[PDB]
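Letters A, B, ... mirror the listed sequences (proteins, then strands); counts begin at 1. Computed over heavy atoms, backbone and side chain alike; hydrogens, waters and symmetry mates excluded.
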Amino acid sequence: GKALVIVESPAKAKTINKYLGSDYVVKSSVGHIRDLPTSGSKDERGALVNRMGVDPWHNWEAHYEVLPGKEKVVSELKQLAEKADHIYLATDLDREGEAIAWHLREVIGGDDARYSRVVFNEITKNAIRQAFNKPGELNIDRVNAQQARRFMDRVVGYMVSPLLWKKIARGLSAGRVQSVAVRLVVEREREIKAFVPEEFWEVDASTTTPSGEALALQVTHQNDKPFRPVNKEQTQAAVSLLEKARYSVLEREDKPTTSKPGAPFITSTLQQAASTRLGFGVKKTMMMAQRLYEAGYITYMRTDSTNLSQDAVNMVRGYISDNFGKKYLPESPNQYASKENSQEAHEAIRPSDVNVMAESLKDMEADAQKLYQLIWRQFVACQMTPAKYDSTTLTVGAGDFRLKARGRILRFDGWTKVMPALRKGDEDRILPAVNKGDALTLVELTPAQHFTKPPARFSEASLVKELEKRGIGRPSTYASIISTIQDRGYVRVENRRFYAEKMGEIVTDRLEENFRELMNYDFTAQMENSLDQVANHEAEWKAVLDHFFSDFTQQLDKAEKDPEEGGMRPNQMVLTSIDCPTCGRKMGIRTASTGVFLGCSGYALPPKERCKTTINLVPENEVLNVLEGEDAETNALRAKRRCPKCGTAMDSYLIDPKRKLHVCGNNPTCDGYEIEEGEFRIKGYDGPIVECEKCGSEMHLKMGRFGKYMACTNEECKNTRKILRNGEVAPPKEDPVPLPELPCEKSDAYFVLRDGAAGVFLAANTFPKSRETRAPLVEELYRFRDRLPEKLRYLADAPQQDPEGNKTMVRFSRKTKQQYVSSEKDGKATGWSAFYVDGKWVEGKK
DNA sequence: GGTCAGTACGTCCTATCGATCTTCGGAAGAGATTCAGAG
RNA sequence: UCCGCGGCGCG
DNA sequence: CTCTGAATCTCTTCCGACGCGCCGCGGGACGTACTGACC
Ligand SMILES: [Zn+2]
Ligand SMILES: [Zn+2]
Ligand SMILES: [Zn+2]
């Protein structure tokens, strides 16, 4: 017989075909085939329930639908199911996969015994074999939980968005967890803008040992009180007093220290680590993680369990025993404890085969290889022996002052070998072995000025960590929350940090005022826990949906009323002394979904006296300096003015090339505004921004007779790139290089080397006439290595012949957008290829 | 799983509107604007 | 085999 | 002094003989990699 396996991604289809075989047929059902309506294709209540699809009053009838373009796939799947005998639903582990499987089952038919739900955490031979050995039944409870979540989201969105349109502004949106995330960001922004940085100085001293060794220490006490000078004069006086005094090392301290490795990656930890080390965002991290999982190299990327299988434990222990040695084993496995509410049935994010190094991933892009290296290193480290340091602490007294120094020396690098630190820390230095009660000689000292840091702005990783802490969201939803808070125009991300737009503040204030139950963190956490209980078959989904809908309806009917009755307050106006170009009247500051702008009061007047003239603003972007490190945020807060009526800082906008505007942070609650005059270069540009590889200047998008292209703004540089079908911009095509020594074979012309998105190729010099092209050989490139531009020279370094001695050719991998070298025999590929991974060429069988 | 056939994307190549060839006469119809008559 | 353009010629 | 209708002006579109012969020139095509289906 023939059994049908339905999977979601075509890549998953290929990888699972890599282990199922000829007996089975695998079909890729791209995405969700059945979903609630999206487009438009007591009558108000009927219209609302038709728009939502769900009818909460009538026991939550669903009215699912098949989106356009899915009909062909539905027909193909139905035909294959008629052909097949047993249908296998092999979607992913999470609730989303169960929902997809339930949708497929409902579409195809013949429910009772024709379907088997396959559960595998990694696409590998053993895992697939065990998964297909005893297939499981479709878990209806998890499907119900997913549907409950979707219904809650749709109800809130389609029942709040009209309210926000009526009261605040058209074009708004709302979401149950999206609103809570925006609230977190807005609260952090308010804490930051309320912060008034203090100032404090510090003193560093240089000393030389009687043995001649050097030491650097930091002064920490004065008069047995903490040393924290406020003003420069006090700092100079302290420095003078320190110089006058005599120094002696009155305290010596030593202590062994141990550092244990980190736990294996759960999804939140993986995102944090990717952001901190490789700089990836959450979207890129999860996309590459999904690619790695589908290709079969890593386990499922949506998890909250640090548990590891016995097979994985034995594999990694064997790898450590074979490669590193017994000093790194250690005697017993390293256990890590996850949350009691976590999906302990799942594993962590680990490699599917420890011996596959990151360089060997031929079919994964460079970023994917880096992510896999991170996962592999974490997995190896999690079972290695703790690293050992010895720490030295020195305290030196001089007059009324005391100064301190601390350092550590590493002696065993068991877990730090595979997972090295990004940079050396302040304590990663060598303090000389001074004696107890020793003496020191002095060198010139250095003062320093600092300002107390404000609370750190949310990074994507940090926001995800906060959400994990509060219980808001789940592993399968973090990326959705992060993407949706940005797409909906309430919060932007710049400098790899979260910034709150004013519209976000307005919507957050209104939602807190009217829907206090929905926006509370504890209630959101309780709702998530209730969904989890439903998944565990601890509660009935319709019951909790009804409870939430009852509370939400009460709150909504309360909120829809007039502001005097207690409804949602409108977008109040802050008036300022500016002349309206149409009627010279004073102009207010308003916020729409587009941004923050200047309007005229005439907008509030009837058409007889109405004024629609508006002034568009351009906010000033904060440019944090990466070199300033931790200071980058602090200096930013120091750059802003301060509102006169309150200590809250103010945000800057430009109104004229001569005039700039400052708006209070609590606008429109606080009406403080300021106007400044000066020479201001208006940005005057919008749209794509590219960096010119020829001069490093900004490159902009332009349109002409040939469509759309990209040209550099530098008047001295006319470099132009082009837009292609499925990319932001074409790669930096290099200048063609002629080769008179390579003759054509079908004609009398000579070959010329050209570059492009297709790759690097050889073409006839009379291209419109000869039209003869062939790929270059590595030996051919080595023959004319000198003429090759600086970039392409690496191709000449690639191995010229395979282990079988056959000749190699330069090819372009479009799936990874990179050049490799492959050998061919008798015109067929020998299956040997070498790629360029981090400055070296790695070769292997294809 | 491996192989073959089919399908998809790139190269030639742009980037200022500037290349480019460019400019009738007569009659009819539709739309827009102006003048005269009536109110 | 098709289309197009240009030029020239005859009745 | 104003409004409406009719008349006039402006702009756009359509048509312009038939038949035959000769010469010249031009006109998207080819290559490589990746994915799916069948065996
Ligand atoms: Zn106005
Ligand atoms: Zn203020
Ligand atoms: Zn440039």
Side-chain angles (χ1 to χ4, degrees), chain A residues 2 4-7 9-30 72-73 76-77 79-80 83-84 123 125 128 291 294-296 362-365 688 690 692 699-715 717-727 729-731 733-736 744-747 749 751-776 809-822 824 826-831 833 835 845-846:
Chain A
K2 45 186 177 183
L4 173 60
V5 178
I6 310 181
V7 293
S9 174
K12 189 171 179 181
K14 191 178 66 177
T15 317
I16 199 177
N17 204 337
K18 291 178 179 297
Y19 308 98
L20 282 185
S22 178
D23 193 18
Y24 304 85
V25 47
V26 183
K27 193 70 173 185
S28 57
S29 61
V30 182
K72 178 180 181 180
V73 183
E76 295 185 16
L77 286 172
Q79 297 174 21
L80 265 63
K83 297 179 180 300
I123 312 179
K125 184 180 185 303
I128 290 182
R291 276 172 187 165
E294 289 180 8
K362 324 293 280 297
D363 55 353
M364 302 309 298
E365 44 209 324
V690 198
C692 176
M699 187 177 286
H700 297 171
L701 183 70
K702 299 180 180 180
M703 299 185 61
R705 52 172 172 173
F706 300 137
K708 299 181 179 180
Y709 72 107
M710 208 85 67
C712 188
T713 58
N714 177 20
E715 293 184 353
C717 150
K718 318 301 295 183
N719 179 237
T720 53
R721 304 162 70 175
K722 59 178 304 304
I723 302 290
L724 62 80
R725 191 180 188 182
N726 48 20
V729 71
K733 158 186 179 180
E734 306 194 33
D735 303 334
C744 295
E745 296 181 346
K746 297 182 179 181
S747 59
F751 280 126
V752 176
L753 197 66
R754 291 179 168 268
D755 188 11
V760 175
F761 61 95
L762 288 164
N765 65 277
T766 58
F767 194 94
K769 188 173 184 178
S770 176
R771 204 175 303 181
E772 180 178 355
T773 54
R774 72 174 184 90
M809 188 175 294
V810 181
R811 308 302 211 167
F812 183 85
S813 178
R814 295 182 175 182
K815 196 170 186 179
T816 57
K817 294 181 181 180
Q818 64 179 348
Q819 312 268 2
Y820 64 102
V821 290
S822 62
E824 301 176 1
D826 297 334
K828 302 180 180 180
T830 63
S833 60
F835 283 76
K845 191 265 178 183
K846 179 181 180 180

When both distances are under 3.5 Å in a Watson-Crick or G-U wobble arrangement, the nucleotide paired with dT20(B) is none

Which nucleotide in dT14(B), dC9(B), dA29(D) has an atom nearest any side-chain atom of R814(A) = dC9(B)

May I have the distance from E772(A) (atom CD) to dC12(B) (atom P), rounded to whole angstrom?
-> 16 Å

Could you work out which one of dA15(B), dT11(B), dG31(D) sits closest to the side chain of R705(A)?
-> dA15(B)

Tell me what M703(A) touches on the nucleic acid: a base, only sugar-phosphate, or nothing, going by heavy atoms under 4.0 Å.
-> base

Examine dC9(D) and say whether its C1'-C2'-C3'-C4' torsion places the sugar north (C3'-endo side) or south (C2'-endo side).
-> south

Per nearest nucleotide of DNA chain D, the residue lying toward the 5' end, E824(A) or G21(A), is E824(A)

Between atom CD1 in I723(A) and atom P in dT11(B), what is the gap in whole Å?
-> 14 Å

Report the distance from atom NE2 of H700(A) to atom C1' of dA15(B), rounded to the nearest whole Å.
-> 16 Å

Pair of N/O donor and acceptor under 3.5 Å linking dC9(B) base with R725(A) side chain = no

Below 4.0 angstrom from OP1 or OP2 of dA33(D), is there any side-chain N or O of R811(A)?
-> yes

Where the side chain of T720(A) is defined as all heavy atoms beyond and including C-beta, which of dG10(B), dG36(D), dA15(B) is the nearest nucleotide?
-> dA15(B)

Indicate whether the side chain of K362(A) and that of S833(A) have a donor and an acceptor atom separated by less than 3.5 Å.
-> yes

With the stacking criterion set to ring centres under 5.5 Å and planes under 30°, output yes or no for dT33(B) and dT34(B).
-> yes

Is any side-chain heavy atom of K815(A) closer than 4.5 Å to a side-chain heavy atom of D363(A)?
-> no

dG26(B) -> Watson-Crick or G-U wobble partner, both distances under 3.5 Å, gives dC14(D)

Pick the nucleotide of DNA chain D nearest each of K746(A) and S813(A); which residue has the one closer to the 5' end?
-> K746(A)

Examine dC34(D) and say whether its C1'-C2'-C3'-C4' torsion places the sugar north (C3'-endo side) or south (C2'-endo side).
-> south

In terms of side-chain geometry, is the basic nitrogen of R291(A) or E365(A) positioned less than 4.0 Å from the acidic oxygen of its partner?
-> yes

What is the base-pairing partner of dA29(D), counting Watson-Crick and G-U wobble geometry with both distances under 3.5 Å?
-> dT11(B)

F767(A) CZ - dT14(B) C1' separation (whole Å) = 15 Å

Using only side-chain N and O atoms of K14(A), determine if any of them is under 4.0 Å from OP1 or OP2 of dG1(B).
-> no

Euclidean distance, atom CG of residue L762(A) to atom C1' of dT32(D) [Å, nearest integer] = 14 Å

Say whether, by atom type as modelled, one donor and one acceptor occur between the side chain of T773(A) and the main chain of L762(A) under 3.5 angstrom.
-> no

Rounded to whole angstrom units, what separation is found between the CG atom of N726(A) and the P atom of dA8(B)?
-> 13 Å

Take the protein atom CZ of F812(A) and the nucleotide atom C1' of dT32(D), then report the distance between them rounded to whole Å.
-> 11 Å

Centres under 5.5 Å and planes under 30° for the six-membered rings of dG26(D) and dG27(D)?
-> yes

P gap between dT22(B) and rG7(C), integer Å | 10 Å

Would you say a side-chain N or O of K722(A) is under 4.0 Å from OP1 or OP2 of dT11(B)?
-> no

Would you indicate what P10(A) reaches in the nucleic acid, counting non-hydrogen atoms under 4.0 angstrom: base, sugar-phosphate, or nothing?
-> sugar-phosphate

Would you indicate, from the sign of the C1'-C2'-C3'-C4' dihedral, whether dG29(B) has a north or a south sugar?
-> south

Geometric stacking, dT20(B) and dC21(B), six-membered rings, under 5.5 angstrom and under 30 degrees | yes

Side chain of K733(A) only, please: which of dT32(D), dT14(B), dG10(B) is the nearest?
-> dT14(B)

Looking only at whether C1'-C2'-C3'-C4' is positive or negative, is the sugar of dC35(B) north or south?
-> south

P atoms of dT20(B) and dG21(D), separation to the nearest Å | 36 Å

Does the side chain of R754(A) get closer than 4.0 angstrom to OP1 or OP2 of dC13(B) through an N or O atom?
-> no

Mind listing the closest non-hydrogen atom pair of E294(A) and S9(A) along with its distance?
-> OE1-OG, 3.1 Å

Glycosidic conformation of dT20(B), syn or anti, with 90° from 0 as the boundary?
-> syn

What pucker does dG25(B) have, north or south, from the sign of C1'-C2'-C3'-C4'?
-> south

Of all the choices, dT32(D), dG1(B), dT35(D), which nucleotide is nearest to the side chain of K815(A) once you look at every atom?
-> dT35(D)

Residue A757(A), side-chain atoms from C-beta onward, closest of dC12(B), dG31(D), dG10(B) | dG10(B)

Distance between P atoms of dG27(D) and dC13(B) (Å, rounded) | 14 Å

Rounded distance [0.5 Å steps], SG in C744(A) versus CZ in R774(A) = 9.0 Å

Which is true for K769(A) with a 4.0 Å heavy-atom rule: it touches a base, it touches only sugar-phosphate, or it touches nothing?
-> nothing

Would you mind reading off the distance between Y24(A) atom OH and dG2(B) atom P, rounded to a whole angstrom?
-> 19 Å

Side chain of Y820(A) only, please: which of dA33(D), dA37(D), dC12(B) is the nearest?
-> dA33(D)

Closest of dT11(B), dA33(D), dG18(B) to the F761(A) side chain is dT11(B)

For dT2(D), what is the paired nucleotide under Watson-Crick or G-U wobble rules, both distances under 3.5 Å?
-> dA38(B)

Return yes if some donor-acceptor pair links the side-chain N/O of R754(A) with the main-chain N/O of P736(A) below 3.5 Å, else return no.
-> no

Closest heavy-atom contact between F835(A) and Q818(A)?
-> CD2-NE2, 3.2 Å

With sugar-phosphate meaning primed atoms plus P, OP1 and OP2, does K18(A) contact a base, only sugar-phosphate, or nothing at under 4.0 Å between heavy atoms?
-> sugar-phosphate

Can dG5(D) and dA6(D), neighbours in the strand, be said to stack by the measure of ring centres under 5.5 Å and ring planes under 30 degrees?
-> yes

Please measure how far the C1' atom in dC21(B) lies from the corresponding atom in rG4(C), and state the result in whole Å.
-> 15 Å

Can you check whether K722(A) reaches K733(A) side chain to side chain, under 4.5 Å on heavy atoms?
-> no

Given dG36(D), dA15(B), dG10(B), which nucleotide is nearest the side-chain atoms of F706(A)?
-> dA15(B)

